[PDB]
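Quick setup: one chain, the form deposited in one PDB entry, written in structure tokens, and binding and motion questions come after.
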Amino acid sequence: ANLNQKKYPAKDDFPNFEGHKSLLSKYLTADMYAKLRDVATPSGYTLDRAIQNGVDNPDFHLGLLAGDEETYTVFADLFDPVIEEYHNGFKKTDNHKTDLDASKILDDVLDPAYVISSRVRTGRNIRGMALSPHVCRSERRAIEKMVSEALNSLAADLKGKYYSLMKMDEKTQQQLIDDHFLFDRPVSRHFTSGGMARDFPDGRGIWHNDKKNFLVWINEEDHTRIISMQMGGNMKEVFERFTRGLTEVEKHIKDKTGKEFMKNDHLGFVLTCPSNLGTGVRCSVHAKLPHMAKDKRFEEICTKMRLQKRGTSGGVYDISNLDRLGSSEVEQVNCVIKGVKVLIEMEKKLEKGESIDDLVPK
């Protein structure tokens, strides 16, 4: 931290939130700031570094980025009310539940005629080590180290290859971009003022299995970004490979280094940006619902089935789980499955020209 800072009145350090449209600006008052300005985490992460994201960008919705797990407890006065509003009422007294049991997932195969692709993405961080806003070079290398080794120990259908973003050649860069596996130069301001673009690309890397349905990004926003994806609508299979890979990797790391995933009872998995807390899961499917798009209640139909839609490229929508924190991976995934099946059924009624007032919420 800057040691001259504390000789000054907090008042003089308090951000001007004029024009800002973030939850940071809405909940951090002058008195709350005067209270935590000189209070840092055990690893040395400050309040300023924590809010740098939003002070620098007034239109970012949250404008908050944690540098370690203790950031959520040391700066609870700011994080809790922000987590509560974003996560639709999740309180500081509420506790998150994890349920990564693949056998609990519905075996309903969504209509291949309406569903193009199925996807499951989550993020994981390593316990006891600084997140990206704050991570040093040695910690980052060590993460890359224990994670790539665990991915490289994967076998059978999880068997694959690791790629260091460092000194990568154009041939390999072109390949990964053609597959949509590659992530590069963190030029975006979310990363730059977030302190996450440091030392790039030292410590960064990507990994994908030979069958190309299991993808892992290394040391981007979170220590690991895990994605499982394939064509069609067999979400259940997508989630079962997703869960198997996660289990085998944590187990390799846990036994070879002694460490596991950043995780606690109140928040579930700890992620850098609080918008991905709890499950950090994004279960999505590309569905073809053109007649739904013209229907006005499409938005509300989804919100009540706890889902969000996103247009993508005619009439193709990305339908994902609305919840992250407060409900489980199992519930969020079966939420998408049941929801999409209901969406396909209403879609067929509109194709025929029938009414679906018999299916929508009251």
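Only the largest set of C-alpha atoms that superpose within 1.5 Å between the two forms is called the rigid core. Residue numbers here begin at 1 and follow the sequence given.
Beyond the structure shown, there is the form deposited in another entry, which is absent from this document and is the topic of what follows.
Visitor: With the two forms aligned on the rigid core, which of the residues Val238, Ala130, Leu289, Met262 moves its CA by 2 Å or more between this form and the one not shown?
Guide: Result of the superposition: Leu289 is the only one at 2 Å or more.
Visitor: Does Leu36 count as moved between this form and the one not shown, where moved means a C-alpha shift of 2 angstroms or more after fitting the rigid core?
Guide: Stays below the 2 Å threshold, so no.
Visitor: Quick one: once the rigid core is lined up, does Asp59 have its C-alpha move by 2 Å or more between this form and the one not shown?
Guide: No; that C-alpha moves by less than 2 Å between this form and the one not shown.
Visitor: Hey, does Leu24 budge by 2 Å or more at the Cα between this form and the one not shown once the core is superposed?
Guide: Comparing forms between this form and the one not shown, the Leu24 CA shifts below 2 Å.
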